[PDB]
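Below: one structure, written as structure tokens.
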Number of protein chains: 4
Amino acid sequence: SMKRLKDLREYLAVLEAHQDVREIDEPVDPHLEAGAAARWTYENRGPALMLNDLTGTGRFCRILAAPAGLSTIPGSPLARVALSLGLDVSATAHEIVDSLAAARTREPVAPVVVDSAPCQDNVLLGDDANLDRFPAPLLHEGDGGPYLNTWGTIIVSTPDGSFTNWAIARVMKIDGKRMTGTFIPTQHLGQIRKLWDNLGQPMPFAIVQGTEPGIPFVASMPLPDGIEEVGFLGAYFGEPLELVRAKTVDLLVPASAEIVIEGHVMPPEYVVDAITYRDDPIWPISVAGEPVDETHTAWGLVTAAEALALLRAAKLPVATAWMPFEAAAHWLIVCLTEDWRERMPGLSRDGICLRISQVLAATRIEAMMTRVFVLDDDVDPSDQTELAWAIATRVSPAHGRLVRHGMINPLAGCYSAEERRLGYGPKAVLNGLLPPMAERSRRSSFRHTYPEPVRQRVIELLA
Amino acid sequence: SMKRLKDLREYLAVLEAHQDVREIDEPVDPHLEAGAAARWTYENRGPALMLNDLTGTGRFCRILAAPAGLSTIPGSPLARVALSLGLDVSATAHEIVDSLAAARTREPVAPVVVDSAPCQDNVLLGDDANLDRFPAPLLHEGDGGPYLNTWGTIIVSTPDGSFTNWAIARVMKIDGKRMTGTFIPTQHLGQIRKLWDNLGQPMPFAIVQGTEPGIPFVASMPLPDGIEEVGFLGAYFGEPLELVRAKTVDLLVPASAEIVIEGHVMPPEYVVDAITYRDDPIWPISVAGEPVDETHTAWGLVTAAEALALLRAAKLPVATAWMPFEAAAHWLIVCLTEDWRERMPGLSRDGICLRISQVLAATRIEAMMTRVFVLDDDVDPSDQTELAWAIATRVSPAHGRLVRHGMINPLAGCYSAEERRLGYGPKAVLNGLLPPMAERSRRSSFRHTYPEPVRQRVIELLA
Amino acid sequence: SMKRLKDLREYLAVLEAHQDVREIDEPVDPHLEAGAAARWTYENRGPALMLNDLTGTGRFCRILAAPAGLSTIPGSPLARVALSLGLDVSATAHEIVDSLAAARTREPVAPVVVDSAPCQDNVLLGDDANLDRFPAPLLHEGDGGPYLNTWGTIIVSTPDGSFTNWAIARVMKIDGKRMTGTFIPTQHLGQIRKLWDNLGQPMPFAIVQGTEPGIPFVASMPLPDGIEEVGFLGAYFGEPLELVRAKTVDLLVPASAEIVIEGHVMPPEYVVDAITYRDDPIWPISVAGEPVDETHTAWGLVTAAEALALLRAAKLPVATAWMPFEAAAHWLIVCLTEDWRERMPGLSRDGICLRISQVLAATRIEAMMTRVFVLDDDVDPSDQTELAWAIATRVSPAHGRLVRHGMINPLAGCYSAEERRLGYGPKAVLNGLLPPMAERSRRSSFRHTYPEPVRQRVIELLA
Amino acid sequence: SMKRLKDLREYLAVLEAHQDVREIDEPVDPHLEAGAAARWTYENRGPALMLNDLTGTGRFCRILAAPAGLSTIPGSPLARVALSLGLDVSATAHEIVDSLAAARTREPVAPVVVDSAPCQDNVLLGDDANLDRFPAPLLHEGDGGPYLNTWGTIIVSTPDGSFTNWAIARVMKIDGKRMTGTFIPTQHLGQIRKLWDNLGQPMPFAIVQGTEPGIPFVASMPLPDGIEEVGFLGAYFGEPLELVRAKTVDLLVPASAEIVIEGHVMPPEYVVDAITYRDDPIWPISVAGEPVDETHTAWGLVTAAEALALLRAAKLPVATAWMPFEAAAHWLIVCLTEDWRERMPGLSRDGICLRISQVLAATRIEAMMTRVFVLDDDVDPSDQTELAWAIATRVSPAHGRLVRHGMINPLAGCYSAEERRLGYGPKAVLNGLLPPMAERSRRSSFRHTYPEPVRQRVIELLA
Ligand SMILES: Cc1cc2nc3c(=O)[nH]c(=O)nc-3n(C[C@H](O)[C@H](O)[C@H](O)COP(=O)(O)O)c2cc1C
Ligand SMILES: Cc1cc2nc3c(=O)[nH]c(=O)nc-3n(C[C@H](O)[C@H](O)[C@H](O)COP(=O)(O)O)c2cc1C
Ligand SMILES: Cc1cc2nc3c(=O)[nH]c(=O)nc-3n(C[C@H](O)[C@H](O)[C@H](O)COP(=O)(O)O)c2cc1C
Ligand SMILES: Cc1cc2nc3c(=O)[nH]c(=O)nc-3n(C[C@H](O)[C@H](O)[C@H](O)COP(=O)(O)O)c2cc1C
Ligand SMILES: [Mn+2]
Ligand SMILES: [Mn+2]
Ligand SMILES: [Mn+2]
Ligand SMILES: [Mn+2]
């Protein structure tokens, strides 16, 4: 019973119905103002913004800010994430990660190729395919230049055409025909590029902006080597994604795109050969920084869903997994089922944390996990207060800590300059599991400490 | 320029003007319902409750629930704390702890004795002084009996009459004439009681309920041995507190009280000799449990103010100190001034954390501090999200941790059964200080990453 | 200027000249007595033993116990190791590991094939090739059966015949024609065996006993994948090793052997097809246990030499490396040169320990290192007392510890049952490096604290 | 059945009978040579030295070097300690500490005052009482001046004359009439001196050299406040010590002394008022530095005996305690009895280490213990090799460590400059206890792994 939104226009019409998108008709400068407007929106939990008029390009190309920021919908802060993933506006943190992890146990669904798509209604080729026709937002004061890709998907195939990877990575503008980005060897973009460099040939690419809202979530997901994002998207929604042939390169791109940038990566510079776009195009942006933005609501969230799927595939009794937004995607919380001891009869609390550390260490997400807290499932790790309370009251100030040293996230802040320079530092697994305890010995709150007739009577007097 | 509220009636009239107190006219049972109503209020950030009609005693004695819970006043969650301490309704976490710590550098102000007070308008003596005339609330399902004192102040003097201690401690009802409580040797009540036991004489006492709202905050404050709470209250408000002579014991009690219970502690049982009360008495309660209640807003908060004063008296450059409510008064956050290196030229980051640990370890609050995080003052430790972000991004997963073993808080949850039974366990000091860094290299947010004209322009478009 | 001993007879004639081998003419039972005689010898630093008469087989096959135990030679406890490696009887711990590590920088020297060898003077084929003709020592009370290989070398080749591995592993007797051993996947024997199992063919093998004394040291050495022990032995001694063709299998074996057991490993059982031996054969044994035996003098020592070579190949300024015998080959000591800061200008003490941990973690010896201590080279890590003094006085009781979790040595004792069962546990790197300090501020001894004329004068009065 | 040696002449006659003292008749310079001769002796395990002829004072006053260094007596390295404490020349480490700890459970024995003593055969008063008559040894190149007291005992009484403390502390010569030393407030000399400073009066003192050999051991012992060393010595030997009245001060001094220096400590300088000595006086020295000297054989050893007595007084099942000489008196080893679980039924291994840490932390020796290792009593902590093997194989590389921060030993080397400057740093308790295990699963050696008839048979063949 999924409610898949098929393009960005549908996504925006749903947000508009819930009063969660605002149109700005006054001119906004892509030089710092658009980025500042996005930050204000994330930090104040404002509606997503449609910037209808940008200095330099006017009303030609709109900008969507905070596409998956925290929502204004009352009682539903995850509504943009939930709607993007075809779920109810009020889907909980656990329902979201559980729906993604459930799709990892399903067979991939091959996409379908359509003859035409709105993303090719306007086609710019040759000298007309120039990025100077579109906004070039300078998102933060100290950036090296305009970041053209922050929320769009980069599409590349291996030379044999047997495998296609979709990924979100930052791409900076050099000039009207050229862009650049960093190609990390631990990422699938970098791995695929090394195959094109070995054959001494430019790698064809496509960057798509403003696709259906579910695509950037799966493009940020650290799926295993050899699992295509498009097949996973298909298994997740229970139907094939519709793709259209790119105009100047042998690649298939989402037919739901607002804009398609096509070209080749030279031996690392992206060279633009064609730009295609649908009428009145919308270019979404994501302005990374402190909590809470799409680094947290999309990347950290889909990473938690992948961790949940990997831990369950190792037969661990994991109720849920979550990357708390307030910890800026530095932490993973792993919650065990109440009956984990019945399910894993041979391990102590320390033993199951050792096992979790061993399983996570064998995966491609292990370097991101600066800290993993292992807790009981009477804690909602998406509830900031309950999570902080559980860590303070259940994790020993000294013991129950398992430290591993190895590869680290170079963007994580909790490392010394020497650890960053070596790319070698500590990652911890912290044990916050309790011994077997009665509910009333580990809780003291309205829901957990009073009989149902007493709570009912209080609710009738006060609610 | 203090705005001291002189009794509970004034406090309640101020909360009523800000729509932060609600009257419940339907009957409420002191058997679990009153406690459940208090928990619902804390956990939902509801108005303080005036329970006007209690099963068993009717409308005789009202109950005030959540006297200093988080406020409903828009943008002012600490308003009940701020008003209780004579400050503006919108006083910040830092203004509150700074006002308390500033009073620790001032000379005590002796109280004044008045001939009469509303708290003695009604006097019950002999067989009439029976607690069965007042509500006996069973605050939580598993409690040993009714907790008569949770927010009132216990008053005792040393045998020589040279020193008087005011403290909040829990007192349980045994029957109509007798109550009990635990007398901890590390607390001033217990220390004073041991002096009365050495002379083989019953210790006279008084318990006051519903005094002016500033008294329970100073009665929860862990002031040094030999500093009277009444003298500190006087220095804090800049004027003498008015006291009245108790009717059957040689003690002075706050003239602002709603109820006064007088008696002697026998060799530990409290025996009631007299009960005095003002017309239409109000008996406030505090229902301890998970965050956020007065364990956090009063006890942890005044403990943070005492830590701030002790650290500043040791000439440490401490900007602020705070006990985060979400960590259930298990954690202390110490924020250093931006120029701490200029103020302490001979210490590294590790060195200043060593010094903080050494100073705190010599004080009477050291056993409460399961964790102390040392951070820079660009972090507001009362902001849940910014605090969690600073810890995740600035505290190493492995290093910068100073562990001390010793006396522990027996109520803290993060200890093993063996550590609790021995009263011996770990307490940590964690270093989250940064090396010297430019604002734009340690922050990425609206306020810190954009020029003032860009922010102004965004505020005019969106706010 | 090597002094290579070409067979076991030469090795024994050299030990006899230094009164470091004793002949036992009384009968000794291979059932526990031979093993007990070996343990007494290791633990009392006795001469190596030649057991001339064994219960069951008489004077047919002699047994050599403690072949490389600590020596009785005055002032030369490492003499058996030094002589085995072609060095002077008085070669120091550092000269030994440095000579082995220097050979890792040299090109391999291919062996030479000889037409005949003393190891084939007697040939047993078919039903005559029966292990019941030779001693079957039960080395420890609780062993599963007789350990036939403890100091001999197992020789196997890959199916293509392109690579030959020589290794010491324990082999237990089942009966007269069959033996067994554990084939670990991290070891080259196990890796080569998996290639024979994939082709569905029995793996040919040879076990050689009593070769020239340098071979078991290189057969215990954890050389990288693809480096043949025979080529390394050749580079080490500066000349080709002489090999002879095995009688029933297509393998080349050391011509210096006392006994050659040939056969095939079935899908894990070793099946004996031929036994060849020189007149009056000697079967050496190694009886593993507490310090000090060949587990320590050979395996831990050659592992320290390989660590020294790997650290120097990563351009680290390592003066020496050593596995202290008293720590039962659980610890590695890494000593940095006095001018390491001049050689590595960009790292602090913590930084260089991080780098050492990172380099060691990428090697095949990392799981053996339960602890690595990083020290200055004013400490001789082969001097028990000076080493214990340096650790106690230079390693912080709390900080300077880098913990990594991963694969562990299943035979190491410092792990819990859960860590052993998972094969996952902690390994530490401890920083004992000093800040820049004058000799007289870090030492207080005869050699370091008195002027040369004062020491000379004292030596003339006392020595 | 004690064999108490009543003076230094008897001690030296016993060492001479065991060929453990050597006379040097050639002249030796007290400027560095005597100290260098002492260091050579400790480090080479040489006989104690009698320096019969010193440059500057000739044959007047002899010097005894290495009075309690490791002995040359075959198989009896602790013989100087054992003889000093009235025990058999072959008394083990455990017999020594057990004999000292047993005396802590006995009532003190008051001394007896004798009318005359050999230490007053020669009396120097007034201007004749000049230290320039005796050697002034410069013990190490960088010392501030000559150390006149290194092995003698400082005697002081409280102003009321109710308590007398005997202690070894270093005393440096200023000139012929004046000396100086540091008066630490945690030591009994410093505490007693503060009482004399409060009354504004010079503290009378006496320094005795060359007393009976048991006195410097008890003078180095950190006995509790209010326990006199003389009473303990009396309880230890089972008889009263004989004291003689000092000539110019109201103090009692050992009648067995070689030299007595009397005077007053001025407001810290020692001023000499009288020197008394027996014919042909001997002035013993102790030259502190690296292991092994009297810092280790006396101070660390008697500290281990006091720890054993304190742990047993807290009803802990401690088999033995020892301060390993190789760890330079930085470490304490605590060995529990094999049946400790039967004796302490309610604690886990971690629990008993917590308890040991808690008990030790309440004592006056806690700051000296940089590390405490808790082990089973199948380990002899005085056996260097077995101790290193037990720590390497039984202490986890990561867990089982209890860190406490507090007062530290300013002379300990394992602290940073900031920890030393603050006098605040880490002290650890490490858990090396095993779970219940069969002897053959935790040992592998001659004594533990072979049946008694097999060992007997091997001993008859080899010993
Ligand atoms: C807003 C946003 C921006 C991102 N930017 C980057 C980036 O510049 N580089 C990068 O390596 N990963 C970035 N990621 C994370 C990757 O998309 C993620 O690691 C993904 O799994 C990569 O695809 P792959 O698993 O096929 O290699 C970003 C994610 C989000 C949501
Ligand atoms: C709601 C509330 C209840 C409290 N209950 C107790 C209690 O039962 N026992 C206790 O020792 N401290 C309790 N405290 C903390 C003490 O009031 C606090 O330690 C105070 O400083 C004690 O007074 P003293 O410093 O004069 O010893 C409570 C505090 C609050 C705010
Ligand atoms: C006395 C002795 C016995 C040994 N027994 C074993 C054994 O049974 N199994 C094992 O894996 N390694 C054992 N080793 C260690 C291996 O020989 C060593 O890991 C060697 O490097 C293996 O050869 P490879 O590096 O070619 O895999 C022993 C070493 C010595 C000196
Ligand atoms: C060779 C030697 C020299 C010593 N020198 C000193 C010293 O200079 N200062 C000191 O405080 N303790 C020194 N000690 C240790 C003290 O004697 C020891 O702490 C003793 O218990 C002090 O006496 P008290 O317990 O009565 O205070 C020395 C011990 C020995 C054996
Ligand atoms: Mn991918
Ligand atoms: Mn008080
Ligand atoms: Mn090999
Ligand atoms: Mn004393």
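The way I read the labels, and the way they are meant: chains A, B, ... in the order of the structure tokens, residue 1 as the first residue of every chain, and ligand 1 as the first ligand shown, with later ones counted on from there.
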
Q: Could you give me, as a count of residues only, each residue of segment 170-371 of chain B that DSSP assigns to alpha helix (DSSP H) when run on this structure's backbone?
A: 56

Kindly determine which residues of chain D lie within 7 Å of chain B, considering only C-alpha atoms, and give the answer as an mmCIF file with C-alpha atoms, in the first residue's frame.
data_model
loop_
_atom_site.group_PDB
_atom_site.id
_atom_site.type_symbol
_atom_site.label_atom_id
_atom_site.label_comp_id
_atom_site.auth_asym_id
_atom_site.auth_seq_id
_atom_site.Cartn_x
_atom_site.Cartn_y
_atom_site.Cartn_z
ATOM 1 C CA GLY D 351 33.665 -6.632 42.225
ATOM 2 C CA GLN D 358 38.135 1.273 47.511
ATOM 3 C CA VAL D 403 41.302 4.314 36.863
ATOM 4 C CA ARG D 404 41.282 6.716 39.802
ATOM 5 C CA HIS D 405 42.679 10.351 39.554
ATOM 6 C CA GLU D 418 51.054 18.967 33.724
ATOM 7 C CA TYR D 424 47.015 15.249 40.033
#

Q. Counting only C-alpha atoms and all ligand atoms, which protein, DNA or RNA residues come within 7 Å of ligand 4, given as a count of residues only?
A. 25

Q) If you count only C-alpha atoms, which residues fall within 12 Å of residue 200 of chain B, apart from same-chain ones fewer than 2 positions away, as JSON, numbers by chain? A) {"B": [159, 193, 194, 195, 196, 197, 198, 202, 203, 265, 266, 267]}

Q. How would you write, as a PyMOL selection string, the set of residues in segment 50-164 of chain C that DSSP gives as strand (DSSP E)?
A. chain C and resi 50-51+62-65+112-114+122-125+147-149+153-157+164

Q: Give me the residues within 10 Å of residue 343 of chain D as a list in words, counting only C-alpha atoms and dropping any in the same chain fewer than 4 places off.
A: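 Residues near the query, excluding close chain neighbours: residues 315, 316, 317, 337, 338, 339 and 347 of chain D.
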
Writer output for current selection, N, CA and C atoms, as an mmCIF file, in the first residue's frame:
data_model
loop_
_atom_site.group_PDB
_atom_site.id
_atom_site.type_symbol
_atom_site.label_atom_id
_atom_site.label_comp_id
_atom_site.auth_asym_id
_atom_site.auth_seq_id
_atom_site.Cartn_x
_atom_site.Cartn_y
_atom_site.Cartn_z
ATOM 1 N N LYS D 315 39.363 -7.624 55.878
ATOM 2 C CA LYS D 315 38.850 -8.986 55.672
ATOM 3 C C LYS D 315 38.889 -9.444 54.229
ATOM 4 N N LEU D 316 39.864 -8.935 53.443
ATOM 5 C CA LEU D 316 40.029 -9.387 52.071
ATOM 6 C C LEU D 316 40.933 -10.628 52.057
ATOM 7 N N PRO D 317 40.618 -11.626 51.198
ATOM 8 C CA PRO D 317 41.397 -12.886 51.195
ATOM 9 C C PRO D 317 42.651 -12.767 50.336
ATOM 10 N N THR D 337 43.797 -15.532 47.468
ATOM 11 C CA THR D 337 43.859 -16.987 47.728
ATOM 12 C C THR D 337 43.053 -17.720 46.676
ATOM 13 N N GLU D 338 43.382 -18.993 46.456
ATOM 14 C CA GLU D 338 42.685 -19.815 45.475
ATOM 15 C C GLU D 338 41.203 -19.926 45.785
ATOM 16 N N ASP D 339 40.847 -19.921 47.057
ATOM 17 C CA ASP D 339 39.434 -20.029 47.450
ATOM 18 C C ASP D 339 38.810 -18.682 47.737
ATOM 19 N N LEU D 347 30.882 -11.477 45.426
ATOM 20 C CA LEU D 347 31.553 -10.642 44.429
ATOM 21 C C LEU D 347 32.100 -11.378 43.217
#
